[PDB]
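Only the coordinates and a few stated rules stand behind these numbers; no lab work does. All Cβ positions, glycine included, derive from the backbone under ideal geometry; neighbour counts span all protein chains shown.
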Ligand SMILES: Nc1ccc(S(=O)(=O)Nc2ccccn2)cc1
Ligand SMILES: Nc1ccc(S(=O)(=O)Nc2ccccn2)cc1
């Protein structure tokens with residue numbers, strides 16, 4: 001019993017973190033096989049970041065200008081290429097600690113673990129969600145760029161995020177491991193405003209199921225609703241519209257608890273209209289939306 | 001910028017987890033040098049747990065009755081001893097992945113990371129606090145016993161917790177790595193009620209400083225207070241009394257922000273008396289108490 005915001009064990013990713021320095025800029029890289037992946041803005045001065053031409057800046061860089069350090073050992077750079085917003089540095093040594101891995105581009109509302117790093121050294125691990133506006137709400141100081149987000153399926157690490165930017169509003173933007181930004185963001189120090197940070201409805205419903213499984217039941221009510229009726233309420237409260245795909249995904253949690261998905265929607269509708277009245281659910285005074293239905297099943301079933 | 005509930009990177013502890021089986025009971029053990037540490041209730045049937053005589057049960061066990069598996073390799077048990085509520089199994093092989101480590105007994109209000117494990121396999125990592133009633137609020141299913149709590153100082157793991165029990169109220173109890181329970185709890189399936197779960201005042205104050213550093217400032221007010229006046233309010237709201245030792249510990253955060261500790265106490269006093277009025281601080285609708293002053297400094301300074 002109990003339900004916690006839980007990250008994946010980080011060891012498999014710790015084994016992949018290195019320091020990348022280009023001139024006076026240091027950040028983190030990800031070493032998988034004989035390639036190190038890092039943000040292309042490693043090549044920028046803070047002055048360059050205001051208006052960078054990355055192809056033109058990169059022409060002034062050679063393999064020997066990229067200093068890659070794995071613990072206290074230097075790696076030899078034998079090639080470099082830019083793919084979208086990431087640099088790929090080819091090194092002469094395969095990472096001996098390379099785990100089984102994939103690169104995946106996640107959808108908004110999907111959760112992942114971040115291993116925050118500075119100078120190639122892990123400092124902490126926490127759980128994030130890709131927000132519906134394609135920002136994340138992380139914890140990143142200067143030097144954290146190139147820290148990665150990931151999920152683990154048994155022994156296979158799926159890398160989904162690399163940290164690139166902090167927006168003027170103090171939320172975070174980055175890329176998949178192909179170097180494509182999530183959302184409309186660019187690796188330039190310019191005005192970039194975020195869209196509406198809507199609540200991830202299917203994740204709130206998952207977390208209410210987690211609450212029932214763990215004995216927090218006060219919010220269960222005598223009502224039901226329809227997807228259309230629920231969605232009028234979601235729209236009013238800046239919640240993502242609920243689709244039949246989301247209802248299907250919540251099927252296992254419905255079956256386990258015996259609470260029909262549309263009944264839990266009616267409980268959520270009442271919570272939106274009435275508030276928490278100073279009560280808590282799983283130690284929260286607000287409706288938590290950074291657990292996916294898969295997260296709730298995993299944590300409630302003890303998957304390793 | 002941003003502030004997250006952050007766990008320590010778990011790799012150094014993942015390298016220490018093993019499976020311990022005695023008869024039909026399987027749980028987790030911690031392998032450090034040539035010793036495996038696990039809960040002594042590994043020797044109990046569920047029937048035994050109602051009223052166990054551990055010395056008498058242990059007489060019926062030999063070294064060969066303790067099956068220790070490290071990944072898919074069996075370790076040879078060459079001795080066993082009971083120390084308080086933990087078994088120490090001496091094996092013939094030192095763990096090659098043994099990190100620098102210490103055993104520490106933490107004080108209530110101190111935070112630590114838990115690596116939740118099943119069958120010796122890590123499933124997740126999250127951040128806990130030793131509550132003032134000597135419970136923790138974890139996420140532990142059947143098979144999680146012997147999962148450990150720890151802090152890391154650079155390269156040295158300080159182990160502070162091993163999981164033993166779930167109370168009938170669904171909160172958690174365990175031991176330090178000398179096998180001494182935190183609080184009054186025992187490794188028996190009997191009525192054990194928890195005392196008041198008071199709020200860890202010094203940690204709330206730390207988190208309000210974290211909020212100011214990260215730009216959440218709406219709760220700062222025009223008032224100050226005294227320790228005695230603040231403490232009358234703390235008592236009313238089931239908060240731990242604030243001591244001059246706590247004021248001293250918050251000194252660096254006071255200095256960084258320029259907000260005198262007693263001024264932040266007066267902001268906290270108003271929040272207790274007035275509530276949040278539907279507002280949030282660092283994405284929370286309640287006052288968070290599972291960050292220590294050291295946690296806030298570490299996360300805000302990027303210590304690796
Ligand atoms: N929000 C935002 C998005 C893209 C860019 S740009 O660096 O592509 N530069 C551009 C884009 C359009 C017009 C002029 N410069 C800058 C800001
Ligand atoms: N809450 C609590 C604490 C200790 C015990 S005991 O297993 O030590 N057994 C005892 C203790 C006192 C009287 C009888 N049995 C049981 C319950």
Legend entry - Label point distance in nm, residue A:280-residue B:56, each placed 7 Å from Cα along Cα→Cβ: 4.1
Inset, instruction - Give the shape of the stretch A:41-195 as rounded, prolate or oblate, defined through the alpha-carbon gyration tensor: a ≥ b ≥ c are the square roots of its eigenvalues, a/c under 1.5 means rounded, and otherwise the shape is prolate if a/b is larger than b/c and oblate if not. - result: oblate
Inset, instruction - Report the antiparallel proportion of the DSSP beta bridges in the protein assembly as shown as a percent, rounded to a multiple of 5. - result: 90
Inset, instruction - Express as a percent, rounded to the nearest 5, the fraction of DSSP beta bridges in the stretch A:15-99 (both residues included) that run antiparallel. - result: 100
Legend entry - DSSP beta bridge pairing in chain B, given as percent antiparallel to the nearest 5: 90
Legend entry - For the protein assembly as shown, diffusion coefficient by Stokes-Einstein and Kirkwood Rh (Cα), 25 °C, 0.890 mPa s, µm²/s: 95
Legend entry - Fewest-first sequence of A:178, A:240 by Cβ atoms within 10 Å of each Cβ: A:178, A:240
Legend entry - Label-point gap, in nm, between residue A:260 and residue A:48 - each point 7 angstrom along Cα→Cβ: 6.1
Inset, instruction - Can you tell me the order of A:133-141, B:251-259, B:203-211 when each peptide is scored by its average per-residue count of other Cβ atoms within 10 angstrom, highest first? - result: B:203-211, A:133-141, B:251-259
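For peptide A:276-288, compute the average count of partner chain beta-carbon atoms within 10 Å of each residue's beta-carbon.
If you average over the peptide's residues, the count of other-chain Cβ atoms is 3.
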Inset, instruction - Determine by what factor the alpha-carbon radius of gyration of chain B differs from 2.2 N^0.38 Å, reporting the quotient. - result: 1.11
Inset, instruction - Taking chain B as the reference, fit the longest principal axis to its C-alpha atoms, fit the long axis of helix B:261-274 to the helix C-alpha atoms, and give the angle between the two in degrees, 0 to 90, nearest 10. - result: 90
Inset, instruction - Among A:40, A:279, rank each residue by its count of other Cβ atoms within 10 Å, from fewest to most, as a rough exposure measure. - result: A:279, A:40
Legend entry - Euclidean distance of C-alpha centroids, the stretch B:185-261 and the stretch B:72-104, integer Å: 39
Legend entry - Tilt relative to chain B, helix B:227-236 - C-alpha long axis, 0 to 90 degrees, to 10: 60
Inset, instruction - For chain A, find the longest principal axis of its Cα atoms and tell me its angle to the long axis of helix A:201-213, 0 to 90°, nearest 10. - result: 60
Inset, instruction - Give, as ranges by residue number, the residues of the stretch B:126-141 whose backbone N falls under 16 Å from the point 7 Å along Cα→Cβ of residue B:238. - result: B:131-137
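In what sequence do A:288, A:47, B:270 fall when counting other Cβ within 10 Å, fewest first?
A:47, B:270, A:288
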Inset, instruction - Report the full-extension gain for the segment residue A:218 to residue A:1: residue separation times 0.36 nm, less the Cα-Cα distance, to one decimal in nm. - result: 76.4 nm
